[PDB]
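One chain is shown next in C-alpha cells, namely the form deposited without the ligand.
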C-alpha cells in the first residue's frame, strides 16, 4: 500500500447531496484528486454497486487510484478529470435523470466503469475505433490486476455479460460510431417506436447514453463551459476568434439532437438539453461579435 491508498481507504465518504454529484451542473474545478476519488466511491455506493456485488472497500479504492493514475495529467482535456466528469454525468442521469430504473444492475455497473475508463491512457488528439480498443484494453488490464478486481464478486455469467457491456460502451464513445448509429436511434424516437425491452434498442440506448455523458461539458453552466472549452482548445491547438463558431457547429451537428432524443426517453434529463441550448446562445453571440 502507498500513502494515497491508505488515506483514501481511511477517509469518510460524504453523502451524495453534500458532494453535489446529483446535479447536472456539477463542476470539479475546486476539488482535489482525493476529493474526486471520494466522489467516485459515493457513486458506486449510492448506485448500490458495492452492496449488490460485494466489493471490498480497499479493492474499490485501489481500483479507483489505478484508473486515475493511468490517465495523463499532461493532456489538457482528455485526462482523469474528463473521465470523472463523464462518470458524474452518468450518475446524475441515472439518479436525477431517473434512467436507473430503466436499466439492470449489471448495465449500471458496466456503464459506470466504462464512463470512468472510456479514455484511459489518452495522449491528446494531436499525439476502425482503434483508440477505443486501446482504452478498453487498459480498462481490462486494471480490472484483472491483483487487488483491483472489483468484479470478483460476480459469477462468470455475470462477469462475461458485464465485460461485453463495458466493451460496447467504451467503443461507443467513438464519435464515428455515434454518427453511424444515431440515425436509427432518431428514427425510432420520432416514430414513437422506441422500446427499451428490445435487446437491440437497449444496447443502442446504452451507446447513445455514453456519448451524451462523454460530451456533457457542452451542457454545463456558461462559466464552466467557457472554462472547459479553454481546455479543449489547448489540447486541439497547443499540444480563439474561430472557437465560438466551431462550438456552434459542434452543438448543431452533434449535441442538440442527442440531448433532445435523451429528453424524449427520460423527461428528467431535460437539464442537459436546456444547458446545451443556453450554451449555444452564448457561443453564437460571441461568433457574431467577430
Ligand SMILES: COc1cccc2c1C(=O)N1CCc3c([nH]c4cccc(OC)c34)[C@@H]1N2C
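We call the rigid core the largest set of C-alpha positions that still match within 1.5 Å between the two forms. Positions refer to the first chain, counted from 1.
What comes next is about the form deposited with the ligand bound, which does not appear here.
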query	finding
Contact residue in the bound PDB entry, chosen from 96, 103, 76, 189 - any heavy atom within 4.5 Å of the ligand	76
Interface residue in the bound PDB entry among 231, 261, 60, 38, criterion: non-hydrogen atom within 4.5 angstroms of the ligand	231
4.5 angstroms heavy atom contact with the ligand in the bound PDB entry for residue 204	no
Any non-hydrogen atom of residue 86 within 4.5 angstroms of the ligand in the bound PDB entry	yes
Partner contact for residue 213 in the bound PDB entry: the ligand, 4.5 angstroms, heavy atom	yes
Residue 28, heavy atom within 4.5 angstroms of the ligand in the bound PDB entry	yes
Location of the ligand contact in the bound PDB entry, chosen stretch of 261-269, 63-71, 217-225, 46-54 [non-hydrogen atom, 4.5 Å]	217-225
Answer among 102, 202, 73, 180 for the CA shift between the shown form and the other one that reaches 2 Å or more, rigid core superposed	73
Threshold 2 Å Cα movement between the shown form and the other one for residue 118, core superposed	no
Exceeds or equals 2 Å, Cα of residue 133 between the shown form and the other one, core fit	yes
Threshold 2 Å Cα movement between the shown form and the other one at residue 233, rigid core reference	yes
Change in CA distance between residue 177 and residue 121 in the bound PDB entry, which is 3 Å or more, as closer or farther	closer
Pairwise C-alpha change, residue 134 versus residue 91, in the bound PDB entry against this form - closer or farther, 3 angstroms or more	closer
